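Visitor: The following block contains the structure, expressed as structure tokens.
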Amino acid sequence: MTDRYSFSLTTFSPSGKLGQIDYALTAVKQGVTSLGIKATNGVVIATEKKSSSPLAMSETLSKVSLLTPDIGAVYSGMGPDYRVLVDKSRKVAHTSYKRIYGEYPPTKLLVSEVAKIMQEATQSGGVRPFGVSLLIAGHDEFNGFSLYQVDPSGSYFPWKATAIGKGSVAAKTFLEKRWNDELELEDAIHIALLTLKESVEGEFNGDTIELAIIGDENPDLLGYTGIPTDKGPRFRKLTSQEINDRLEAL
Amino acid sequence: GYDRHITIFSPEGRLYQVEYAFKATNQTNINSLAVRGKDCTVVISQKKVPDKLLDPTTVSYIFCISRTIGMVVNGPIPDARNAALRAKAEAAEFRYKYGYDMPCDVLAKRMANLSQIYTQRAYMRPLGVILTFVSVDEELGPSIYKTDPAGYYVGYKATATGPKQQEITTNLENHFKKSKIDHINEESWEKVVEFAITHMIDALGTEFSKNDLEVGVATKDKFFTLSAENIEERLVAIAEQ
Amino acid sequence: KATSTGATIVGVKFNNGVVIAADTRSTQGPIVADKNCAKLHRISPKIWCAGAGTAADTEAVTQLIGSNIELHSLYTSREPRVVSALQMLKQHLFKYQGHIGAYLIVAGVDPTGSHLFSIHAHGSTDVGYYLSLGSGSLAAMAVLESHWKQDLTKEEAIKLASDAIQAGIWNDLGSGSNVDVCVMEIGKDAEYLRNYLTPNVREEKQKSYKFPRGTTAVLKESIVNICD
Amino acid sequence: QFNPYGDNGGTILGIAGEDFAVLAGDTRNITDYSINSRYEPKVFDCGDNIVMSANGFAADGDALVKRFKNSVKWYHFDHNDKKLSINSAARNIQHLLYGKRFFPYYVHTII
Amino acid sequence: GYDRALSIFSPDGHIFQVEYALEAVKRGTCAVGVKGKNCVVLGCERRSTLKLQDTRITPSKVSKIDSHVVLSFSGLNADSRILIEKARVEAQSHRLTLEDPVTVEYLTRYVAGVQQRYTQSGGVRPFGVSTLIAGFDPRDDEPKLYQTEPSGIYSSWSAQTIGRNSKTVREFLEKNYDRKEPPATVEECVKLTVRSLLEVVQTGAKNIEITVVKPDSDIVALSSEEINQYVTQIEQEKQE
Amino acid sequence: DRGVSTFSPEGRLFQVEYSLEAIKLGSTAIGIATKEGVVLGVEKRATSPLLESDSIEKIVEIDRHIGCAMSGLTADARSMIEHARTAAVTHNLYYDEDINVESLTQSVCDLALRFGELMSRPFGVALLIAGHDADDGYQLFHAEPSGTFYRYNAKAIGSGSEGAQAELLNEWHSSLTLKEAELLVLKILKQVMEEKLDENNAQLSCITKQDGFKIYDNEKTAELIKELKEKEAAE
Amino acid sequence: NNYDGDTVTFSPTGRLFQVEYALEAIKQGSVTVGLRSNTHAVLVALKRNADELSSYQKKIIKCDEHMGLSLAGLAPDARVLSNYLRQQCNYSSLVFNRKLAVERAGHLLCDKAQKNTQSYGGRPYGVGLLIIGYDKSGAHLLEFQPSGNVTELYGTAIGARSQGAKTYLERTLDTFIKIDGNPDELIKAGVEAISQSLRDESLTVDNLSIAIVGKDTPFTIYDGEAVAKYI
Amino acid sequence: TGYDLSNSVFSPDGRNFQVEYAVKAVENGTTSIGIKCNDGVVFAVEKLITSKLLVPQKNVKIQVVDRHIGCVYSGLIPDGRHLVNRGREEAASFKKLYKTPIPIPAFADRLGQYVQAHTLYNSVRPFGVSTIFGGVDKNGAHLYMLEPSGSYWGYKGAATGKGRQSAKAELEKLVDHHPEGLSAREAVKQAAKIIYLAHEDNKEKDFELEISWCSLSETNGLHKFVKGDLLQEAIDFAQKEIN
Amino acid sequence: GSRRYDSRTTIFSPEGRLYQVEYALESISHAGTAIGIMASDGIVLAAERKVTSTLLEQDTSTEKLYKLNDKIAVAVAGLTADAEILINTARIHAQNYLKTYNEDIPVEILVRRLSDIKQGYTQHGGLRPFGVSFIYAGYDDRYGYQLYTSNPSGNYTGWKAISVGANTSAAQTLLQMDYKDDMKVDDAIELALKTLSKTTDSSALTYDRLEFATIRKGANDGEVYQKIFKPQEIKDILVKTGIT
Ligand SMILES: [Cl-]
Ligand SMILES: [Mg+2]
């Protein structure tokens, strides 16, 4: 045995292309549409819960994941690749930051750590790149609210609003017309739901849509009282009912 | 065309070795079914002993992973036992480290992560098996979580696996469309097993003797498999109404 | 020369949960380093941890396990259990053969119910309805053995716990100052009651020691550059 | 505390003549004030016309002789059955002994 | 670890990776070495395809390995740095243990040994570098000039050139260098070195570097103007 | 591609067979064993007249009683020589004696097949190992990259080897003197060399019991070349 | 064809070509004969020279006082395998004060050769071995193939033209097995056996190599004028 | 194509062709069988006499693991020896930790997981043997057969090698004609017959019969070779049936 | 076994070229142009972001210009993710040096270190090289203001003015035409922006498509200041130099 693939599986072609990264992006293109919109007092990330079977309980499959109390993530592409990246992202937030500084990492630096992991799968021996693009939304004290995209290459970019996957080209055009620097969080959620409807074929409701926000601190979700400085997580996943309420004002 | 030999992306963004591992899954020509009751989770699987020289008691694709968790496998037996041994080791380790029994969904996720690794690392091949984990979880209640060679997993109200999964799946879909509930509204596991066998008969259009089936049952604090005589008692009750 | 503080720490089980309490003195030898430290720590939202012995080891071990508990909670999509913290703590401590001088009372609630354990530096654990640790454990246990009963209410358990801490405060030289309390009830958020009692307030000084300005002789003044 | 060494007594004597050599030793083996054996051979024919004795701690003595005899065997294998000369044997035994410089064979060797 | 045998024999008994490393040397800028009676001169070509270059800070082609030995090269620039670093470490190691600086032959033998090692070790390619190593042995006044190549063979030379168009300048040196009477002074040696490069270089401007090494750790690099005076005098004698 | 340790359909190791082709391209080296000593001679083959030929070292001392000549990719021989020297010195340290020539040769040949995917390829050089010990007297061995070594009364390796070996076949007899061997090496080297043989493009050496291994001065060899020319003109 | 690039690849008919090519190296090797009675076991080997100036390559290697072998194929591989046997014989004596049984020696050689046929990077051994010995169950003769197959025999031959000697031994089986307490006659039978494999060349004094081991006979090799008696 | 050039590669069918090629090596080997009797198991194997020079009864093929398990295999003999060596290590470590000798089903999985592991990577070759093995433990007699893929099941009777079809047909008759069971001494006789009958696929050369058995009453649950009079009795019974 | 799938990233071609290095350089030739210009009183770094969007958050975005320490900055051309791996290693080397000697790392020593890391990937390990070319702008008290470039081969050279990325041939000709030795930072700022304006593949050069930085001794007295230009500051300098 032993891993005898100690050589790179991603290499430069004569034209300068890194084939495996391009193909990973093609897998992302086939993926279900997900989007992110940044408001003045929050960020929203959303996607479609494309249920593989009606017998499957799609609530048990989380496409939108909490990384830290103030950071959340969504993806387009290969689900299993996303799931393991979320596990690594959660751990690296502790091992390379919280266990050192006693606080959670700022959005940009966690994004940087996730990006590094994805970059290494592009160069290290005997592995393929991750077949996902990530959208990471978050808040921290000194940078405020932010939204980042991370690609299979390990490249990341900050966005005011964007979309990835299936209908991203049409969705990004839709977002360009609607976005301004004066949006409140509820306005961004409204625009998110409008944008997402265009790329969804079948049912469009709180059970088929996954949506989370980075907004105000939620002391009700903290689990304890007594420490004034601890005010609770800013990441909150919207319920099926909360989504449907906003679909009537749509 | 070495992108078809190892787990790297094709130009279409596909992993052919994963797709071919899904095809190996049906090599045994066996169909399995899982459903949930009020207090139990039942899994049934076809049993085929084509050789008379075989000891039929040793021919099985249902595994007792832990006291609480059971696992049925769709695929070749060598890969099935590979997955079974690992799942048992993982469940035992979990209990030692964290002081409580490994949940069914957590074990499924763990095995799904291990599968995901085989789809990304070139030196390891995927296992040509689909794993259906069942239990009565102390927090979530009756649970069905299924894993495949892609590293995908999800919870199910009910599920089916094998060459004729579609026929069974649609049959199950139609029943739950009528009842409008996420489980079989029945008190005893015996009747949930009877439901499972009845709907497999309807879907496949074949009759079963006691040696044509294999049954696993999960209750609170234990998973167990039924003997041929236990199954016979089930088959008699089905025929008598 | 590491900190090993004197303390009185207790844990008391009641009707619908568990309560833990502690004093607020940190010692350096015979010297009182901190007159109002916080000995009640968090492991998870509803699991809390009182610590005694080598101060650095108690804090470090509670934070490490708390970190791994959070990752475990996220991985399993489940609220963390007290027995998980207990098992992770004791296996860590046992591996180091007592060289990590952490002595803990662990207490909390989870889906399984309410729990109360103690952990010793060498890696042994105990179960109980009432427990005490620290240099004032004997003073506190004397009170617990005198007044504890079965089926305590929330308000009774807080009273018993704080009375046990007070016994340590007055009679043990290692313990003093204030009484912290944390209540963990089933179905409710855990309420941390920082400085629940403050019976040792410093009396007004007889004289102000504010010096006339210019009293201290100075050789050199210079503006320091903190900016870039 | 465990003492890895012991003293098995014994006395050996080597004398070189003009065209001969003798290596003699008593056959008594002891610990403290007890006799283990009245006849336990201590001087050994190691082949190639070489005789050897490693007196002191008998376990180390037996180990050394055994390893030297083995060295004679492998000298024949590696060097076309060449006879191991007494000077070459002596230098070889130095290396066997010094190999355990920091956990010595507790013996006084004579060949 | 990566263990793949990159340097292997072909049916005709050739090791192509070593031979292709020589082709990288053929592409490199021309380097030349000429030893006089009491000096050695190293000349190097600078391709004028790169102007806007900062010549103060740009890596110079001749490198001091110790105070008494120098190394120039033709081929891959990045590869050469690894050999230069190793040589410099070994030079100090030799001083530390032997209490004497390296001989020029010893230093050459070491560098040549490193190059050879990279031709039969797994997971590595050969150096795309040939070197000219020149200097004087400690307390010795006899000039030394050696050459190494990717295969790891090395030898002593009265005069030698490596790199692109080295065939042409070797042609020049073979008819212009007399062994019975080598360039008796620094001037004569530098002149013959500049002349040899002028067969190949193009403009005698910033395209020629010259470094003179004399006994007892006396090493100096000539400036643009000093070299320009040699370039001027050579062509004025040629107009005849 | 294909394994470095692969067998051909004929039952030969590809890489070993290919390294033998590299040795055929090497400069000629000749050895002749006599009862008065063993002579080793080599063609230097300088690529240019500016190359100082006395820096070409194709004959090398392993110990006082053992010498060695090489042919092929001569850079590969350096680690082989290093090993040989270490083995010779180490045996003396362990046994207070000289090592047998055969034992030394066997130790060198043990390196040969230590290649795979250890070194990445076989050595591309053949060695003529000559020496003296008390047990077997004057000896000459031919060490190949296959790990095989043959003892020879006389042997030629390199580009002119088959022509030289045919010549050695006719000339060698068991009563040759050291002087007769010296001239014989010079005669056969001169026959197979491209350039005209002199003291600067050829080198002689010998191993005797009394004086040990000695590389001949260019002045000493020049006299033997002149002695050769006259005796060939003598008939 | 497409399946002979390495030892880790079966062919569509279930063959291992690298092992078969290693077997081919033995067939190119010089002939060597093994045979035994109930008291003695004998090796006879035709040594091969490079040319008339060269020595004749040694074929027989001693492994212990009671055991040794002869080789045909790659000689360095025989040195590796015989060294391993020496160590195993030696381990048995040092640790257990016990002479290694010839049959157990065969099992050890089989297993060592097998590991080189199932793993990537390695190669099979390219040599055949004939092991003779005298242990607690009498005289023994083994034939080793680098496929891993080891076989206990009364007599055999390996190398080029070995079929002639093997047929002779198959005829003479009932005669030579009965040659007890007569070393010279058993060797004669072996020399006559190996003669059935000669063409153009005949057995000379530096050509022939003989080894013998028996009841009161340590493993000893005869070369040079010591075998002139049998020519 | 090219899917069959490397182990652990799934073909578009979902097949591992390298494992299927290993089966061809098994099918090329001599016939070996196993018979499960009332209180034990009987193993038998065909040993082809390639030449008169082979010493009779010396080249023993059947192997013991621990003291209660017997193993026989067809195909590449060295591969089988390698598998038994592993099995012996597995059995030793099991007994070391758990005291009790390894149960036969437990032992079966140890071999099974090991063989299966050699179908997971391209850096190893699958085993070129099918192994019939078994013995007696605390729950009684067990007979198993294990393929190159790692696949194994429990058997009433088992056969592999060149004459497996002939043997299987004979085994199937015994199962049908003896639902109550077969005695250990009967099984030895029947094993001799089946090998003699299966030798028709290898009729060119003559052969040597080798038999072993583990039986609770006949061998005290220990693996033993059938020797001398009992072996000759089985040979006579076999020779009588073919004529 | 595994050998079958090995691309062999560290081999010479028959012409004596490193395949992967050459192909990595081909990749870099499609990256946004980065320009460095060294003046007597400072250094200018100018770089073009690749075809951007109106929704890209520019003020928090960084793809071209990175700070290695207070004295040294880099402009990137190629794979941004590859560049960040090397940048972090360089930042650590600078700090290691500062801890060891209690002095800021000289520019060339840092450049040589990073270039040696790149070299290693071309000679051993069997991994693909980093698809990155750097322009190093820095200051130390030995050589003063310095410009360097390194590429995937690990080769580095010093420059007065240099470009990397797309259209380097056109850019280098334009720089060679208008550069003079006695030039000042404000003049160099103009040259850099004019060169990008002409070589760009975009229709027009605007603030949102640029990253800009200066290293000046325009820091109050005997010290050096790095200035990573803000989006509004890039917009102002574009108007000042008369490009928009
Ligand atoms: Cl996991
Ligand atoms: Mg894979």
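Lettering and numbering for the structure tokens are positional, with chains as A, B, ... in the shown order, residues counted from 1 in each chain, and ligands counted from 1 in the shown order.
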Step by step, measure atom-to-atom distances between ligand 2 and each residue using only C-alpha atoms and all ligand atoms, keep those at most 8 Å, then write them as a ChimeraX atom specification.
Guide: /B:6-8,17,117-126
Visitor: Could you save the residues just selected, with N, CA and C atoms, as a PDB file, in the first residue's frame?
Guide:
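Everything below was put into out.pdb:
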```pdb
ATOM      1  N   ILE B   6      -8.806   6.717 -12.571  1.00  0.00           N
ATOM      2  CA  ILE B   6      -8.683   7.230 -11.205  1.00  0.00           C
ATOM      3  C   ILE B   6      -9.692   8.347 -10.955  1.00  0.00           C
ATOM      4  N   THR B   7      -9.864   8.708  -9.685  1.00  0.00           N
ATOM      5  CA  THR B   7     -10.870   9.689  -9.290  1.00  0.00           C
ATOM      6  C   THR B   7     -10.391  11.127  -9.496  1.00  0.00           C
ATOM      7  N   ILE B   8     -10.235  11.508 -10.763  1.00  0.00           N
ATOM      8  CA  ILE B   8     -10.004  12.901 -11.152  1.00  0.00           C
ATOM      9  C   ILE B   8     -11.110  13.334 -12.108  1.00  0.00           C
ATOM     10  N   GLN B  17     -15.080   6.876 -12.115  1.00  0.00           N
ATOM     11  CA  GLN B  17     -14.844   5.783 -11.164  1.00  0.00           C
ATOM     12  C   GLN B  17     -15.908   5.732 -10.068  1.00  0.00           C
ATOM     13  N   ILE B 117     -13.490  10.921   0.806  1.00  0.00           N
ATOM     14  CA  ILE B 117     -12.031  10.865   0.697  1.00  0.00           C
ATOM     15  C   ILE B 117     -11.581   9.970  -0.462  1.00  0.00           C
ATOM     16  N   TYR B 118     -12.256   8.839  -0.664  1.00  0.00           N
ATOM     17  CA  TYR B 118     -11.895   7.922  -1.754  1.00  0.00           C
ATOM     18  C   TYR B 118     -12.182   8.533  -3.133  1.00  0.00           C
ATOM     19  N   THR B 119     -13.124   9.475  -3.190  1.00  0.00           N
ATOM     20  CA  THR B 119     -13.460  10.170  -4.439  1.00  0.00           C
ATOM     21  C   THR B 119     -12.491  11.314  -4.747  1.00  0.00           C
ATOM     22  N   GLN B 120     -11.721  11.736  -3.745  1.00  0.00           N
ATOM     23  CA  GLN B 120     -10.764  12.836  -3.903  1.00  0.00           C
ATOM     24  C   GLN B 120      -9.310  12.352  -3.927  1.00  0.00           C
ATOM     25  N   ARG B 121      -9.010  11.307  -3.158  1.00  0.00           N
ATOM     26  CA  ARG B 121      -7.661  10.738  -3.112  1.00  0.00           C
ATOM     27  C   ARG B 121      -7.536   9.644  -4.175  1.00  0.00           C
ATOM     28  N   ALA B 122      -6.469   9.705  -4.965  1.00  0.00           N
ATOM     29  CA  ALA B 122      -6.308   8.823  -6.124  1.00  0.00           C
ATOM     30  C   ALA B 122      -5.939   7.378  -5.776  1.00  0.00           C
ATOM     31  N   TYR B 123      -5.164   7.183  -4.711  1.00  0.00           N
ATOM     32  CA  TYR B 123      -4.647   5.848  -4.374  1.00  0.00           C
ATOM     33  C   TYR B 123      -5.715   4.909  -3.802  1.00  0.00           C
ATOM     34  N   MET B 124      -6.802   5.484  -3.293  1.00  0.00           N
ATOM     35  CA  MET B 124      -7.920   4.718  -2.739  1.00  0.00           C
ATOM     36  C   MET B 124      -9.066   4.674  -3.747  1.00  0.00           C
ATOM     37  N   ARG B 125      -9.603   3.481  -3.996  1.00  0.00           N
ATOM     38  CA  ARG B 125     -10.787   3.347  -4.844  1.00  0.00           C
ATOM     39  C   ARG B 125     -12.047   3.495  -3.996  1.00  0.00           C
ATOM     40  N   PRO B 126     -13.156   3.941  -4.611  1.00  0.00           N
ATOM     41  CA  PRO B 126     -14.425   3.906  -3.891  1.00  0.00           C
ATOM     42  C   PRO B 126     -14.851   2.471  -3.577  1.00  0.00           C
TER      43      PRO B 126
END
```
Visitor: If you run DSSP on the backbone here, which positions in range 130-201 of chain I get alpha helix (DSSP H)? Please write them as an NGL selection string.
Guide: :I and (168-178 or 185-199)
Visitor: What does the list of residues within 9 Å of ligand 1 look like if you count only C-alpha atoms and all ligand atoms, written as a ChimeraX atom specification?
Guide: /A:84,87 /B:109-114 /C:75
Visitor: Can you spit out the residues from that selection as a PDB file, in the first residue's frame, using N, CA and C atoms?
Guide:
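Output file out-v5.pdb is given in full below:
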```
ATOM      1  N   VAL A  84     -17.135  18.199   3.892  1.00  0.00           N
ATOM      2  CA  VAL A  84     -15.811  18.019   4.501  1.00  0.00           C
ATOM      3  C   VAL A  84     -15.075  19.350   4.653  1.00  0.00           C
ATOM      4  N   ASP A  87     -16.352  20.982   7.777  1.00  0.00           N
ATOM      5  CA  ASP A  87     -15.708  20.354   8.939  1.00  0.00           C
ATOM      6  C   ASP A  87     -14.312  20.927   9.173  1.00  0.00           C
TER       7      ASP A  87
ATOM      8  N   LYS B 109     -22.744   9.945   8.510  1.00  0.00           N
ATOM      9  CA  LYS B 109     -21.918  11.080   8.099  1.00  0.00           C
ATOM     10  C   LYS B 109     -20.434  10.720   8.085  1.00  0.00           C
ATOM     11  N   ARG B 110     -19.996  10.020   9.127  1.00  0.00           N
ATOM     12  CA  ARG B 110     -18.608   9.582   9.238  1.00  0.00           C
ATOM     13  C   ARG B 110     -18.225   8.671   8.071  1.00  0.00           C
ATOM     14  N   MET B 111     -19.046   7.662   7.801  1.00  0.00           N
ATOM     15  CA  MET B 111     -18.790   6.746   6.686  1.00  0.00           C
ATOM     16  C   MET B 111     -18.885   7.469   5.340  1.00  0.00           C
ATOM     17  N   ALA B 112     -19.778   8.454   5.259  1.00  0.00           N
ATOM     18  CA  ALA B 112     -19.906   9.294   4.066  1.00  0.00           C
ATOM     19  C   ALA B 112     -18.649  10.138   3.836  1.00  0.00           C
ATOM     20  N   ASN B 113     -18.081  10.671   4.919  1.00  0.00           N
ATOM     21  CA  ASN B 113     -16.812  11.413   4.846  1.00  0.00           C
ATOM     22  C   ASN B 113     -15.661  10.528   4.368  1.00  0.00           C
ATOM     23  N   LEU B 114     -15.594   9.309   4.896  1.00  0.00           N
ATOM     24  CA  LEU B 114     -14.599   8.322   4.458  1.00  0.00           C
ATOM     25  C   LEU B 114     -14.745   8.005   2.971  1.00  0.00           C
TER      26      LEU B 114
ATOM     27  N   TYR C  75     -20.372  19.000  14.541  1.00  0.00           N
ATOM     28  CA  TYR C  75     -20.220  17.790  13.727  1.00  0.00           C
ATOM     29  C   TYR C  75     -21.432  16.867  13.831  1.00  0.00           C
TER      30      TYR C  75
END
```
Visitor: For chain G versus chain D, which residues have an atom no more than 9 Å away, and what is each residue's nearest atom pair and distance in Å rounded to one decimal, using only C-alpha atoms, chain-then-number order, as a tab-separated table?
Guide:
```
residue	atom	partner	partner_atom	distance
G:62	CA	D:77	CA	8.0
G:63	CA	D:77	CA	8.5
G:90	CA	D:70	CA	8.5
G:94	CA	D:66	CA	8.1
```
Visitor: With distances taken over only C-alpha atoms, which residue among B:62, B:69, B:81, B:42 lies nearest residue 194 in chain B?
Guide: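 Among B:62, B:69, B:81, B:42, it is B:42 that comes nearest to residue 194 in chain B.
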